[PDB]
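*Asks:* One file is attached below, work_37.cif, containing mmCIF, C-alpha atoms and all ligand atoms.
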```
data_protein
loop_
_atom_site.group_PDB
_atom_site.id
_atom_site.type_symbol
_atom_site.label_atom_id
_atom_site.label_comp_id
_atom_site.auth_asym_id
_atom_site.auth_seq_id
_atom_site.Cartn_x
_atom_site.Cartn_y
_atom_site.Cartn_z
ATOM 1 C CA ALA A 1 0.000 0.000 0.000
ATOM 2 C CA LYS A 2 1.118 3.596 -0.458
ATOM 3 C CA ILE A 3 0.228 4.481 3.148
ATOM 4 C CA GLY A 4 1.940 2.673 6.001
ATOM 5 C CA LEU A 5 0.226 2.872 9.388
ATOM 6 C CA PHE A 6 2.430 1.966 12.377
ATOM 7 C CA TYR A 7 0.754 1.743 15.763
ATOM 8 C CA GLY A 8 1.580 0.706 19.294
ATOM 9 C CA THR A 9 -1.003 -0.397 21.863
ATOM 10 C CA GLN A 10 -1.202 -1.572 25.457
ATOM 11 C CA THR A 11 -4.919 -2.173 26.068
ATOM 12 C CA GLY A 12 -5.970 -2.457 22.394
ATOM 13 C CA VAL A 13 -7.664 0.904 21.812
ATOM 14 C CA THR A 14 -5.029 2.384 19.511
ATOM 15 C CA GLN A 15 -5.152 -0.808 17.423
ATOM 16 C CA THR A 16 -8.955 -0.585 17.102
ATOM 17 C CA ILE A 17 -8.620 3.075 16.016
ATOM 18 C CA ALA A 18 -5.915 2.011 13.497
ATOM 19 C CA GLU A 19 -8.205 -0.664 12.066
ATOM 20 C CA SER A 20 -10.979 1.950 11.775
ATOM 21 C CA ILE A 21 -8.650 4.382 10.021
ATOM 22 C CA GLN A 22 -7.611 1.666 7.541
ATOM 23 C CA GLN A 23 -11.264 0.872 6.897
ATOM 24 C CA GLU A 24 -12.121 4.527 6.400
ATOM 25 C CA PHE A 25 -9.315 4.952 3.816
ATOM 26 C CA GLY A 26 -10.583 1.972 1.837
ATOM 27 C CA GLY A 27 -8.945 -1.081 3.404
ATOM 28 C CA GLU A 28 -5.709 -3.014 2.905
ATOM 29 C CA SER A 29 -5.279 -1.939 -0.720
ATOM 30 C CA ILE A 30 -4.905 1.631 0.527
ATOM 31 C CA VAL A 31 -3.384 1.427 4.015
ATOM 32 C CA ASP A 32 -1.051 -1.256 5.471
ATOM 33 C CA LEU A 33 -1.421 -1.857 9.233
ATOM 34 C CA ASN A 34 1.760 -2.603 11.185
ATOM 35 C CA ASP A 35 2.192 -3.145 14.920
ATOM 36 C CA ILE A 36 5.416 -1.313 15.826
ATOM 37 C CA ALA A 37 6.142 -4.108 18.361
ATOM 38 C CA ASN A 38 6.847 -6.467 15.438
ATOM 39 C CA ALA A 39 8.721 -3.950 13.337
ATOM 40 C CA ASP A 40 12.255 -2.905 12.591
ATOM 41 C CA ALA A 41 12.714 0.855 12.214
ATOM 42 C CA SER A 42 13.731 0.276 8.593
ATOM 43 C CA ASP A 43 10.215 -1.007 7.874
ATOM 44 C CA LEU A 44 9.096 2.642 7.783
ATOM 45 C CA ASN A 45 11.318 3.241 4.728
ATOM 46 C CA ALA A 46 8.945 1.232 2.516
ATOM 47 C CA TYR A 47 6.358 4.030 2.579
ATOM 48 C CA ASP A 48 6.293 7.658 1.430
ATOM 49 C CA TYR A 49 3.121 8.378 3.404
ATOM 50 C CA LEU A 50 3.117 7.366 7.060
ATOM 51 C CA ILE A 51 0.509 7.382 9.843
ATOM 52 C CA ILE A 52 1.912 7.036 13.362
ATOM 53 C CA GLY A 53 -0.419 5.944 16.148
ATOM 54 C CA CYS A 54 0.400 5.870 19.845
ATOM 55 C CA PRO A 55 -1.458 6.088 23.202
ATOM 56 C CA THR A 56 0.006 7.873 26.228
ATOM 57 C CA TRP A 57 0.769 5.877 29.394
ATOM 58 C CA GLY A 58 2.559 6.395 32.703
ATOM 59 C CA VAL A 59 2.630 10.153 33.259
ATOM 60 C CA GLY A 60 2.824 11.558 29.734
ATOM 61 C CA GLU A 61 5.039 8.703 28.521
ATOM 62 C CA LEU A 62 5.369 6.777 25.255
ATOM 63 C CA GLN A 63 3.644 3.395 24.934
ATOM 64 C CA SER A 64 6.409 0.801 25.540
ATOM 65 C CA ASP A 65 6.779 -0.510 21.991
ATOM 66 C CA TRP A 66 7.259 3.027 20.648
ATOM 67 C CA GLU A 67 9.581 3.780 23.571
ATOM 68 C CA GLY A 68 11.635 0.739 22.586
ATOM 69 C CA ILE A 69 12.141 1.818 18.993
ATOM 70 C CA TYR A 70 12.411 5.555 19.669
ATOM 71 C CA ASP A 71 16.221 5.648 19.599
ATOM 72 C CA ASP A 72 16.213 3.971 16.193
ATOM 73 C CA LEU A 73 14.029 6.616 14.545
ATOM 74 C CA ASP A 74 16.984 8.788 13.486
ATOM 75 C CA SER A 75 18.244 5.963 11.244
ATOM 76 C CA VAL A 76 15.033 6.017 9.171
ATOM 77 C CA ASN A 77 14.666 7.959 5.941
ATOM 78 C CA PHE A 78 11.955 10.534 6.777
ATOM 79 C CA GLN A 79 13.317 13.105 4.296
ATOM 80 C CA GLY A 80 10.422 14.900 2.609
ATOM 81 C CA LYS A 81 7.921 12.288 3.795
ATOM 82 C CA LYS A 82 4.397 13.309 4.759
ATOM 83 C CA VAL A 83 3.524 11.952 8.194
ATOM 84 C CA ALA A 84 0.201 12.010 10.049
ATOM 85 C CA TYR A 85 -0.349 11.106 13.716
ATOM 86 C CA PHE A 86 -3.127 9.869 15.981
ATOM 87 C CA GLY A 87 -3.300 8.895 19.631
ATOM 88 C CA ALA A 88 -5.567 7.599 22.369
ATOM 89 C CA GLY A 89 -5.569 9.418 25.698
ATOM 90 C CA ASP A 90 -7.667 10.398 28.725
ATOM 91 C CA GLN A 91 -8.305 14.147 29.027
ATOM 92 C CA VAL A 92 -10.072 13.847 32.381
ATOM 93 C CA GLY A 93 -7.659 11.618 34.249
ATOM 94 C CA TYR A 94 -4.552 13.185 32.649
ATOM 95 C CA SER A 95 -5.406 16.820 31.906
ATOM 96 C CA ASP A 96 -1.761 17.930 32.219
ATOM 97 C CA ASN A 97 -0.413 15.226 29.887
ATOM 98 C CA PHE A 98 -3.245 14.613 27.400
ATOM 99 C CA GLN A 99 -1.874 12.904 24.276
ATOM 100 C CA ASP A 100 1.762 13.622 25.290
ATOM 101 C CA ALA A 101 2.967 10.476 23.454
ATOM 102 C CA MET A 102 1.703 11.628 20.033
ATOM 103 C CA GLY A 103 3.421 14.964 20.753
ATOM 104 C CA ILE A 104 6.716 13.299 21.665
ATOM 105 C CA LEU A 105 6.753 11.201 18.470
ATOM 106 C CA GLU A 106 5.782 14.102 16.185
ATOM 107 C CA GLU A 107 8.399 16.308 17.804
ATOM 108 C CA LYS A 108 11.051 13.663 17.072
ATOM 109 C CA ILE A 109 9.924 12.606 13.610
ATOM 110 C CA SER A 110 9.247 16.152 12.373
ATOM 111 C CA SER A 111 12.834 17.042 13.393
ATOM 112 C CA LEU A 112 14.036 14.358 10.987
ATOM 113 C CA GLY A 113 13.121 16.160 7.778
ATOM 114 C CA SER A 114 9.501 15.024 7.461
ATOM 115 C CA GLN A 115 6.380 17.088 6.874
ATOM 116 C CA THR A 116 3.638 16.758 9.490
ATOM 117 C CA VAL A 117 0.147 16.715 7.949
ATOM 118 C CA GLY A 118 -3.263 16.248 9.563
ATOM 119 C CA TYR A 119 -3.392 18.970 12.217
ATOM 120 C CA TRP A 120 -6.547 18.731 14.384
ATOM 121 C CA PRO A 121 -8.526 21.356 16.398
ATOM 122 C CA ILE A 122 -8.274 21.381 20.212
ATOM 123 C CA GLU A 123 -11.741 22.950 20.761
ATOM 124 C CA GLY A 124 -13.644 19.659 20.993
ATOM 125 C CA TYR A 125 -11.673 18.686 24.108
ATOM 126 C CA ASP A 126 -11.136 19.912 27.660
ATOM 127 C CA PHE A 127 -7.574 19.581 28.998
ATOM 128 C CA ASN A 128 -4.866 21.718 30.572
ATOM 129 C CA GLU A 129 -1.581 20.788 28.868
ATOM 130 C CA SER A 130 -0.476 18.593 25.942
ATOM 131 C CA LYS A 131 2.875 18.123 24.243
ATOM 132 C CA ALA A 132 0.840 17.342 21.110
ATOM 133 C CA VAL A 133 -0.327 20.977 20.878
ATOM 134 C CA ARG A 134 1.511 23.552 18.733
ATOM 135 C CA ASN A 135 0.125 26.982 17.846
ATOM 136 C CA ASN A 136 -3.291 26.177 19.387
ATOM 137 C CA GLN A 137 -3.975 22.897 17.513
ATOM 138 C CA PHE A 138 -3.172 19.189 17.861
ATOM 139 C CA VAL A 139 -0.400 17.741 15.662
ATOM 140 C CA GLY A 140 -2.764 14.887 14.823
ATOM 141 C CA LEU A 141 -6.023 13.128 15.646
ATOM 142 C CA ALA A 142 -6.757 12.908 19.369
ATOM 143 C CA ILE A 143 -9.109 10.067 20.315
ATOM 144 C CA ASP A 144 -10.490 9.620 23.828
ATOM 145 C CA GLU A 145 -12.359 6.336 24.328
ATOM 146 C CA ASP A 146 -12.418 6.831 28.095
ATOM 147 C CA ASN A 147 -14.402 10.086 27.990
ATOM 148 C CA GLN A 148 -15.639 10.675 24.452
ATOM 149 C CA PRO A 149 -16.240 7.267 22.818
ATOM 150 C CA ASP A 150 -19.362 8.584 21.016
ATOM 151 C CA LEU A 151 -17.235 11.000 19.000
ATOM 152 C CA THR A 152 -14.620 8.561 17.727
ATOM 153 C CA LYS A 153 -16.417 7.354 14.613
ATOM 154 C CA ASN A 154 -17.077 10.846 13.226
ATOM 155 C CA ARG A 155 -13.643 12.115 14.252
ATOM 156 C CA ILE A 156 -12.003 9.339 12.211
ATOM 157 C CA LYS A 157 -14.334 9.949 9.255
ATOM 158 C CA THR A 158 -13.537 13.678 9.301
ATOM 159 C CA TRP A 159 -9.789 13.217 9.746
ATOM 160 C CA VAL A 160 -9.437 10.629 6.981
ATOM 161 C CA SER A 161 -11.321 12.883 4.593
ATOM 162 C CA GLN A 162 -8.880 15.654 5.588
ATOM 163 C CA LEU A 163 -5.845 13.361 5.091
ATOM 164 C CA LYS A 164 -6.831 12.135 1.615
ATOM 165 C CA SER A 165 -6.627 15.761 0.494
ATOM 166 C CA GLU A 166 -3.087 15.820 1.910
ATOM 167 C CA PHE A 167 -1.962 12.278 0.826
ATOM 168 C CA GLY A 168 -2.863 12.210 -2.881
ATOM 169 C CA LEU A 169 -6.236 10.471 -2.701
HETATM 170 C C1 LIG B 201 -2.052 4.037 34.246
HETATM 171 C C2 LIG B 201 -2.536 4.911 33.113
HETATM 172 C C3 LIG B 201 -1.743 5.962 32.626
HETATM 173 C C4 LIG B 201 -2.147 6.747 31.501
HETATM 174 N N1 LIG B 201 -1.415 7.870 31.198
HETATM 175 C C5 LIG B 201 -1.976 8.728 30.359
HETATM 176 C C6 LIG B 201 -1.354 10.071 30.152
HETATM 177 O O1 LIG B 201 -0.349 10.494 30.762
HETATM 178 N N2 LIG B 201 -2.028 10.864 29.224
HETATM 179 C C7 LIG B 201 -3.196 10.484 28.454
HETATM 180 O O2 LIG B 201 -3.591 11.202 27.539
HETATM 181 N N3 LIG B 201 -3.838 9.304 28.735
HETATM 182 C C8 LIG B 201 -3.243 8.468 29.597
HETATM 183 N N4 LIG B 201 -3.873 7.293 29.867
HETATM 184 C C9 LIG B 201 -5.065 6.907 29.091
HETATM 185 C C10 LIG B 201 -4.729 5.955 27.947
HETATM 186 O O3 LIG B 201 -3.889 6.537 26.946
HETATM 187 C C11 LIG B 201 -6.022 5.461 27.300
HETATM 188 O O4 LIG B 201 -6.750 4.648 28.232
HETATM 189 C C12 LIG B 201 -5.935 4.756 25.948
HETATM 190 O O5 LIG B 201 -7.251 4.405 25.510
HETATM 191 C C13 LIG B 201 -4.981 3.563 26.005
HETATM 192 O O6 LIG B 201 -4.780 3.083 24.667
HETATM 193 P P1 LIG B 201 -4.286 1.642 24.253
HETATM 194 O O7 LIG B 201 -5.377 0.755 24.630
HETATM 195 O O8 LIG B 201 -3.940 1.649 22.818
HETATM 196 O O9 LIG B 201 -3.022 1.238 25.091
HETATM 197 C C14 LIG B 201 -3.420 6.455 30.888
HETATM 198 C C15 LIG B 201 -4.240 5.443 31.399
HETATM 199 C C16 LIG B 201 -3.816 4.655 32.481
HETATM 200 C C17 LIG B 201 -4.693 3.520 32.926
#
```
Reformat the file's structure so that it appears as structure tokens.
Ligand SMILES: Cc1cc2nc3c(=O)[nH]c(=O)nc-3n(C[C@H](O)[C@H](O)[C@H](O)COP(=O)(O)O)c2cc1C
*Replies:*
Amino acid sequence: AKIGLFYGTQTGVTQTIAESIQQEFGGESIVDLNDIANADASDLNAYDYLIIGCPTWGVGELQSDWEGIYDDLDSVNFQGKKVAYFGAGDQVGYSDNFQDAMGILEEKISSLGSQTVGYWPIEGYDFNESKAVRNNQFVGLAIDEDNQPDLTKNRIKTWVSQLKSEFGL
């Protein structure tokens, strides 16, 4: 597929969101799903369009599989590649670290010559601080199954429509 989606998950939510995103794009012919736990950093080189999914755990920390491959990211060819991001978080229980993991990954990957695409509005959420927020907007899709599960389906629909316009679809 032209789009490679790499996700990490601890309690399965980010994987379910990833599957939904793949479905919304049109399925396997359009988006390849890859669990970062079973990947080598070089696997990301096979795609020119990437989607990076990761939930936040601990206190604003990267999900363990992403944490484990983080130091290898600088060896990947991200030069001129368009990269989108999504994450699962809990804005009520972790208002000061909402979606910090997505922010950490974008901050690292965007510093490696890539182009972040898929910015998302912060207005549909209530939180205090987030490393995923730059210039008053999220660096990618923020999903909250703990507090806003009813909004997930339409958020994904909206975001994917937005991304197609930015991914050549
Ligand atoms: C112990 C614990 C720590 C968490 N830490 C954070 C955090 O710092 N920020 C946040 O946005 N959500 C945090 N969450 C919420 C998770 O990101 C959320 O439940 C998400 O759906 C988990 O996704 P996953 O199932 O893909 O692992 C935490 C939840 C728990 C139970």
*Asks:* What's around residue 62 of chain A at 12 Å? Count all atoms listed in the file, leave out sequence neighbours fewer than 2 positions away in its own chain, and write the answer as JSON, numbers by chain.
*Replies:* {"A": [7, 8, 9, 10, 53, 54, 55, 56, 57, 58, 59, 60, 64, 65, 66, 67, 68, 69, 70, 87, 88, 89, 97, 98, 99, 100, 101, 102, 103, 104, 105, 106, 131]}
*Asks:* Could you please determine the separation between atom CA of residue 154 of chain A and atom CA of residue 27 of chain A in Å, to one decimal place?
*Replies:* 17.5 Å
*Asks:* Restricting the calculation to all atoms listed in the file: of A:47, A:25, A:159, A:127, which residue gets closest to residue 141 of chain A?
*Replies:* A:159
*Asks:* Which residue out of A:30, A:163, A:149, A:19 has the minimum interatomic distance to residue 83 of chain A when all atoms listed in the file are used?
*Replies:*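 The answer is A:163, which sits nearest to residue 83 of chain A.
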*Asks:* Could you give me, as number ranges by chain, the residues within 12 Å of segment 31-34 of chain A, counting all atoms listed in the file and dropping anything in the same chain fewer than 5 positions from it?
*Replies:* A: 1-9, 14-26, 39-41, 43-44, 46-53, 160, 164, 167, 169
*Asks:* Report the distance between atom CA of residue 13 of chain A and atom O4 of ligand LIG 201 (chain B) in Å, rounded to one decimal place.
*Replies:*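 Answer for the atom CA of residue 13 of chain A to atom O4 of ligand LIG 201 (chain B) separation: 7.5 Å.
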*Asks:* To test the calculation: enclose all listed atoms of segment 28-39 of chain A in a box whose edges run along x, y and z, add 5 Å on each side, then state centre and edge lengths in Å to one decimal, as lines of an AutoDock Vina configuration file.
*Replies:*
```
center_x = 1.5
center_y = -2.4
center_z = 8.8
size_x = 24.4
size_y = 18.1
size_z = 29.1
```
*Asks:* Could you tell me, as a list in words, exactly which residues end up selected when the PyMOL selection byres (((chain A and resi 138) around 6) and not hetatm) is applied to this structure?
*Replies:*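 That expression, the PyMOL selection byres (((chain A and resi 138) around 6) and not hetatm), corresponds here to residues 119, 120, 121, 132, 133, 137, 139 and 140 of chain A.
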*Asks:* Take the selection from the previous step and output its residues with C-alpha atoms, as a compact mmCIF listing (two decimals), keeping the file's coordinate frame.
*Replies:*
```
# COMPACT_ATOMS: atom_id res chain seq x y z
CA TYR A 119 -3.39 18.97 12.22
CA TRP A 120 -6.55 18.73 14.38
CA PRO A 121 -8.53 21.36 16.40
CA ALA A 132 0.84 17.34 21.11
CA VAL A 133 -0.33 20.98 20.88
CA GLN A 137 -3.98 22.90 17.51
CA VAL A 139 -0.40 17.74 15.66
CA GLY A 140 -2.76 14.89 14.82
```
*Asks:* Compare A:166, A:90, A:107, A:150 by their minimum atom-to-atom distance to ligand LIG 201 (chain B), counting all atoms listed in the file, and give me the closest one.
*Replies:*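 Of A:166, A:90, A:107, A:150, the one nearest ligand LIG 201 (chain B) is A:90, counting all atoms listed in the file.
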*Asks:* Give the answer as one residue: which of A:165, A:148, A:158, A:130 has the shortest atom-to-atom distance to residue 95 of chain A, using all atoms listed in the file?
*Replies:*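 Smallest distance to residue 95 of chain A is found for A:130.
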*Asks:* To one decimal in Å, tell me the separation between atom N3 of ligand LIG 201 (chain B) and atom CA of residue 143 of chain A.
*Replies:* 10.0 Å
